[PDB]
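Sequence positions in the sequence shown follow the deposited numbering and run 29 to 121, 126 to 133, 145 to 226, 234 to 694, 702 to 834, 851 to 912, 973 to 1075. We treat Cβ as the ideally placed atom computed from N, Cα and C, and that holds for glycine.
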Amino acid sequence: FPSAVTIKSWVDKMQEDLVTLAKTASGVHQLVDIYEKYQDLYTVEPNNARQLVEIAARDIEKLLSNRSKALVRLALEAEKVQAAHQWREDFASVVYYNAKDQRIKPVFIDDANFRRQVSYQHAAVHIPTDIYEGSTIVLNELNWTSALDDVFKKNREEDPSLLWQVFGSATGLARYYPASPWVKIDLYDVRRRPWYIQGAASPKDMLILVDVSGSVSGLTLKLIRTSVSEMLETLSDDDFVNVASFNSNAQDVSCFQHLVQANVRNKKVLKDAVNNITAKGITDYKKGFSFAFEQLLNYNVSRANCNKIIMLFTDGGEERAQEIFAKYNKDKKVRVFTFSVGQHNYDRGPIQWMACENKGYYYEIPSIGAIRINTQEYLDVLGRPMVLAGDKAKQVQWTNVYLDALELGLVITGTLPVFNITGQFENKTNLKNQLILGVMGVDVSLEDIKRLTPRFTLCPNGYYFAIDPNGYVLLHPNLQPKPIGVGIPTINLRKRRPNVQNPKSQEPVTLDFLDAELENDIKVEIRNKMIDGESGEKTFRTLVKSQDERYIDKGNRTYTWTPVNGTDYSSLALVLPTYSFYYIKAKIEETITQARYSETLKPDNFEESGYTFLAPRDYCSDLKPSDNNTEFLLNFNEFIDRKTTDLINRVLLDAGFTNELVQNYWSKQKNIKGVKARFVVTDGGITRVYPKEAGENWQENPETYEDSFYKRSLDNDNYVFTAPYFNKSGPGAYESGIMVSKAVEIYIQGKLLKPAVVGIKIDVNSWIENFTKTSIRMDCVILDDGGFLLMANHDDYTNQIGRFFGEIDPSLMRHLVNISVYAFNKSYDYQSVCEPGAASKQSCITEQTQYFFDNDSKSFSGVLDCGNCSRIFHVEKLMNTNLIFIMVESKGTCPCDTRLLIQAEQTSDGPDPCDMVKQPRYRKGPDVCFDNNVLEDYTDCX
Ligand SMILES: *[C@@H]1O[C@H](CO)[C@@H](O[C@@H]2O[C@H](CO)[C@@H](O[C@@H]3O[C@H](CO)[C@@H](O)[C@H](O)[C@H]3NC(C)=O)[C@H](O)[C@H]2NC(C)=O)[C@H](O)[C@H]1NC(C)=O
Ligand SMILES: *[C@@H]1O[C@H](CO)[C@@H](O[C@@H]2O[C@H](CO)[C@@H](O[C@@H]3O[C@H](CO)[C@@H](O)[C@H](O)[C@@H]3O)[C@H](O)[C@H]2NC(C)=O)[C@H](O)[C@H]1NC(C)=O
Ligand SMILES: *[C@@H]1O[C@H](CO)[C@@H](O[C@@H]2O[C@H](CO)[C@@H](O[C@@H]3O[C@H](CO)[C@@H](O)[C@H](O)[C@@H]3O)[C@H](O)[C@H]2NC(C)=O)[C@H](O)[C@H]1NC(C)=O
Ligand SMILES: *[C@@H]1O[C@H](CO)[C@@H](O[C@@H]2O[C@H](CO)[C@@H](O)[C@H](O)[C@H]2NC(C)=O)[C@H](O)[C@H]1NC(C)=O
Ligand SMILES: *[C@@H]1O[C@H](CO)[C@@H](O[C@@H]2O[C@H](CO)[C@@H](O)[C@H](O)[C@H]2NC(C)=O)[C@H](O)[C@H]1NC(C)=O
Ligand SMILES: *[C@@H]1O[C@H](CO)[C@@H](O[C@@H]2O[C@H](CO)[C@@H](O)[C@H](O)[C@H]2NC(C)=O)[C@H](O)[C@H]1NC(C)=O
Ligand SMILES: *[C@@H]1O[C@H](CO)[C@@H](O[C@@H]2O[C@H](CO)[C@@H](O)[C@H](O)[C@H]2NC(C)=O)[C@H](O)[C@H]1NC(C)=O
Ligand SMILES: *[C@@H]1O[C@H](CO)[C@@H](O)[C@H](O)[C@H]1NC(C)=O
Ligand SMILES: *[C@@H]1O[C@H](CO)[C@@H](O)[C@H](O)[C@H]1NC(C)=O
Ligand SMILES: *[C@@H]1O[C@H](CO)[C@@H](O)[C@H](O)[C@H]1NC(C)=O
Ligand SMILES: *[C@@H]1O[C@H](CO)[C@@H](O)[C@H](O)[C@H]1NC(C)=O
Ligand SMILES: *[C@@H]1O[C@H](CO)[C@@H](O)[C@H](O)[C@H]1NC(C)=O
Ligand SMILES: *[C@@H]1O[C@H](CO)[C@@H](O)[C@H](O)[C@H]1NC(C)=O
Ligand SMILES: *[C@@H]1O[C@H](CO)[C@@H](O)[C@H](O)[C@H]1NC(C)=O
Ligand SMILES: [Ca+2]
């Protein structure tokens, strides 16, 4: 039973230790004087936030205008060549490429924009392996499409760095220049690609009715459970659905009861509802359709207000529901596509009738295999209103982000339909002009937009970002490839085969603005203002998740936004802290001075300067080191010695200042008693570790803007203690020790600049030795921001260093959150890969529970009562630093091993989507839309 004055005097002894050891060993107060002394070699220039945003909006506008324009050239030529064709029937005269293996076998160049072998002299062709022998529908369309060869080749010379041009086509071919070898079974139908089903129709309020009566059971039900799952893959993220069965009565076997958004997530609820359909009852078709036309009302919701589709997966029946379409379809504004599946011997008579009265189109499905071809030809009917406005339907329609099939990265496509002009201005009988040919696509990699958005003048905390009218993400730096979505991934191994590659999931990567950052009632008000807003900034105190999900910091974010002045399929946001409005412009003028700076950077001097490491960056002719930063550093010296424009000027100025911490403050100390290894990480990407012997175990990412502790120490105005991983793979441990950090504030003529982070990596053993000799002059735990053990007595805990305290003594920690200090948050990360459960690596949703300090008052006294043992806590925060000191009495007396508070990530389901739809997230759909011309002429279907 200790006493509070004696404890607080003893905490203030450990406070004055770790602070004074930090100020002496790190050259923090010495390095400011280095930055103060050289008042020259600067002109500190502002960022201005705004002026950055309007300039970077004009380049993202011109990039989508430069490539977009090319689309018009491919659409104008493709149609021109299509008029003069004359339909050859025999083919004894053609020579294309067939990229899956007369034909061509050309030369290949290893090229680096494509990261792959390209040709530049031919287009390649992908004919899906369901189709082909020479069948003169395919073979004739290789004829006129060969003309687009000159115009594909034209646009590389007009503007380089174009990625894949592509003409998709309604018969399934793809010509794409540059020609390249296509990447056991290759499924890949181009007509079901999100970039085709997007610019091939207008958005869609679908409603799927599924006959679940007693007559569908058997084969013809199993084809409906497959075909709805193959139907819903043809929906973009502007399209809405619902799935409704009918039988005796009617019901929306989905758990939604109205129309939903057809996200990645909301389509998964439907694929578990459809796969648990039972089959029993009596068909009636009158309680069914009258439930279908009510759902396509409900204006209450927030539908898209466009092509209304009722799709029908019945088997058969003798019921023309004539009393219903006269009730609801007098104005003929609901297209009804009807499918009739399986090999039932029923009456297909009425089902053909329902679709040819209601501008529909009857389809038929014999078996599995016809499912992929039939449920995509339903978009040729929806293109019928678009072709009748061919002067003004050629807008450009950009697709929201998805992974390329050729292995390029995240790419965004621009699409434009190509329509059949073969009589026009002469007009003509005009027989089948009411169908499109295909869609021209032009890719942009998001790296090419990131080339436009420089992330190296703003503090590593600052970053650009961009939101598309459905409230999803182009440039938030928390995206990364790998698909996202859905929940706990159950795979049984008791069902698979020694066979097929388990297909590649054409799903797009749609991250929500509320699920990249932390959800807050201000950032909602930002997004709903940013999604259509004209201009606005807001400065506020938020929770900022740290880059590795250990920690939560609290800082001031001043961010602003503006729309793209051209297209409206994006709007940008430059994000800046309050201490990053001013940056350092390098300005070096003597040419001897920067020559001496280059001397320092050579690897010959690591005994004198130490282990210097130089972050991978951009210039003319270099690469990305695969951990061989030594190879990058030698290549970088070859850049200087050939030189004997601002990144090259900054790093040379940065090395010259981090030199004078070594040769003037660390060379005069020479292996201090304590510490373990001094380190300096700056922006400019020069991280130096002084001794170089155990500094080879510096296991951190040398790119400083991706670096996990550099960003944290800029926010806090004091010492930050990081706690290392436990086991981690390897020796970061006792062998490594724990770290200290403090950013470096600079006082130029009334301004605030924080360029550098200076740190110490504390020896674990020597700081044990003070900690126990101070106690002779009881169960003590040093515990940081986040519940991680830094050190402790009792020596069963020192085998744990860095493990979260909830897996040590949870009864303290479940208590300690319940009395404030420390609170938490729980966010979701949609892209974390984990292992599949029970019934190798794939994507899943993980929870992330991150603990952090709440109030002030660094004195928390209180008593814990579990039962029949009680014990007394004295929780004391150390001042001017990031630490809690806890005095807990006697593990010893009887335990309470109830459970564990567990950090790290746990595989979980998402939020409840049945409740998430109720009050959904504000959004705005496009404005065009095309439906119901007077002409049309519906006399096909059949
Ligand atoms: C915990 O262990 C540390 C060793 O890793 C000890 O740190 C050293 O303590 C010395 C005295 O406490 C300091 O000496 C002082 O150094 C300054 C500048 O170097 C001189 O101006 C002072 O004259 C000198 N003191 C005297 C009496 O001459 C060491 O600088 C210091 N090491 C560092 C890196 O700061 C801690 O003392 C030890 N904790 C306790 C409570 O003993
Ligand atoms: C599609 O393929 C056909 C052939 O499979 C191409 O037709 C060919 O077109 C060229 C020029 O239009 C013809 O050349 C002509 O030759 C005659 C003599 O034979 C000459 O008098 C003309 O001055 C002209 O040079 C060629 O004969 C013709 N081939 C056939 C079999 O008729 C057509 O060009 C292809 N389409 C595209 C867009 O490339
Ligand atoms: C663009 O639309 C036009 C319609 O104006 C399409 O032209 C027609 O295409 C069909 C293809 O089935 C041709 O039918 C074929 O005619 C030959 C006679 O030479 C016959 O032997 C075949 O059995 C078949 O019936 C039709 O002739 C043709 N119309 C004309 C005036 O030539 C054209 O196909 C569309 N473009 C594309 C790429 O689909
Ligand atoms: C959405 O639809 C519901 C129907 O479920 C509407 O609720 C009806 O509102 C009228 C108002 O004229 C009342 O007379 C009815 O009694 C309501 N129905 C029920 C079952 O109570 C609702 O008004 C619609 N609009 C909104 C915004 O919710
Ligand atoms: C596109 O951006 C331009 C400027 O880049 C905007 O022009 C502004 O026009 C308003 C009034 O219409 C003026 O008050 C501003 O001074 C103009 N801005 C500039 C830069 O001078 C234009 O408004 C933008 N387009 C739209 C549709 O808002
Ligand atoms: C990264 O690249 C450098 C090349 O400069 C490697 O350094 C050489 O490594 C080999 C094998 O370990 C040694 O035999 C040489 O003596 C090293 N120096 C030179 C100048 O060749 C370094 O080992 C590479 N790192 C990794 C992890 O592969
Ligand atoms: C994330 O943590 C913040 C910590 O501030 C939570 O915000 C506080 O929540 C409590 C209880 O909900 C309120 O009493 C406080 O007034 C809130 N403070 C502020 C500034 O809003 C927030 O609720 C947490 N969010 C989640 C999803 O856990
Ligand atoms: C726009 O296109 C022209 C045409 O080649 C090109 O020179 C220019 O660099 C493009 N703009 C940008 C920002 O790349
Ligand atoms: C139907 O299947 C779904 C998905 O597995 C499940 O949630 C639901 O409980 C099932 N219903 C019945 C009656 O088995
Ligand atoms: C935001 O700025 C104010 C004024 O400069 C400062 O006092 C405050 O500490 C900052 N907020 C945080 C969370 O640090
Ligand atoms: C990780 O550390 C825990 C200590 O709780 C230990 O039980 C486990 O075996 C370690 N794993 C590896 C791979 O070393
Ligand atoms: C923990 O917090 C909850 C929520 O405020 C409260 O109901 C409960 O009483 C607290 N626990 C104790 C032991 O007071
Ligand atoms: C923060 O929590 C502690 C818990 O004891 C309390 O003493 C302190 O007053 C709280 N601060 C505020 C501002 O409520
Ligand atoms: C605590 O006391 C109860 C009776 O009040 C007794 O039955 C129980 O065994 C005791 N448990 C411990 C752990 O002391
Ligand atoms: Ca039936």
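Count the other C-beta atoms from every protein chain shown that fall within 10 angstroms of the C-beta of residue i, then say buried if there are 16 or more, exposed otherwise.
i, result
"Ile803", "buried"
"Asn350", "exposed"
"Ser786", "exposed"
"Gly268", "exposed"
"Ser390", "buried"
"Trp115", "exposed"
"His169", "buried"
"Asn520", "buried"
"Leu664", "buried"
With distance defined between alpha-carbon atoms, name the residue in the options nearest to residue i.
i, options, result
"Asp774", "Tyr70, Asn866, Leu485, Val801", "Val801"
"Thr270", "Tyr396, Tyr335, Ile83, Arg370", "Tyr396"
"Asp1048", "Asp239, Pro221, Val310", "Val310"
"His57", "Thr982, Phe686, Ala636, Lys799", "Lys799"
"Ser724", "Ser659, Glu117, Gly741, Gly331", "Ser659"
"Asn784", "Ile874, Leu502, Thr592", "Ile874"
"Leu466", "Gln248, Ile642, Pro1044, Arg607", "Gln248"
"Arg78", "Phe631, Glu280, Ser905, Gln402", "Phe631"
"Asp1073", "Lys579, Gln530, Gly410", "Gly410"
"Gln556", "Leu456, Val492, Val746", "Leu456"
"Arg159", "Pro1046, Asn76, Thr449, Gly459", "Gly459"
From residue i to residue j, what does the alpha carbon distance come to, in whole angstroms?
i, j, result
"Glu826", "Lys554", "57 Å"
"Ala712", "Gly794", "26 Å"
"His113", "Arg243", "28 Å"
"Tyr219", "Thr333", "49 Å"
"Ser648", "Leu704", "14 Å"
"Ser1041", "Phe656", "48 Å"
"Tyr63", "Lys41", "32 Å"
"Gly367", "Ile415", "16 Å"
"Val47", "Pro527", "34 Å"
"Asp61", "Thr52", "14 Å"
"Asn316", "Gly537", "12 Å"
"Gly616", "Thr507", "26 Å"
"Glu1069", "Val266", "34 Å"
"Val293", "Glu427", "20 Å"
Report, in whole angstroms, the separation of the C-beta atoms of residue i and residue j, which I expect to be a contact under 8 Å.
i, j, result
"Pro883", "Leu1034", "5 Å"
"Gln1036", "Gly879", "7 Å"
"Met1020", "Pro30", "7 Å"
"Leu259", "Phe363", "7 Å"
"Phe590", "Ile517", "The Cβ separation is near 18 Å, so there is no contact."
"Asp289", "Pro253", "5 Å"
> Within the structure, which residues are defined as neighbours of ligand 15 by a Cβ-heavy atom distance below 5 Å, reported in chain order?
Replying inline: Every residue passing the under-5 Å Cβ criterion appears here: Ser263, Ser265, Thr333, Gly367.
> Can you pull every residue whose C-beta falls closer than 6 Å to some heavy atom of ligand 10, listed in chain order?
Replying inline: Residues whose Cβ lies closer than 6 Å to any heavy atom of ligand 10, listed in chain order: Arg591, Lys604, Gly605, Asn606, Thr628.
> Can you pull every residue whose C-beta falls closer than 7 Å to some heavy atom of ligand 8, listed in chain order?
Replying inline: Working through the chain, the matches are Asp87, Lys90, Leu91, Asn94, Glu201, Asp202.
> How would the residue list near ligand 14 read, in chain order, if you kept each one whose beta-carbon is closer than 5 Å to any heavy atom?
Replying inline: Taking a cut-off of 5 Å from the heavy atoms of ligand 14, the residues with a C-beta inside it are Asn1001, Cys1027.
> Relative to ligand 6, what is the chain-ordered list of residues with a Cβ closer than 6 Å to any of its non-hydrogen atoms?
Replying inline: Answer in sequence order: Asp677, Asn678, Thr680, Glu681.
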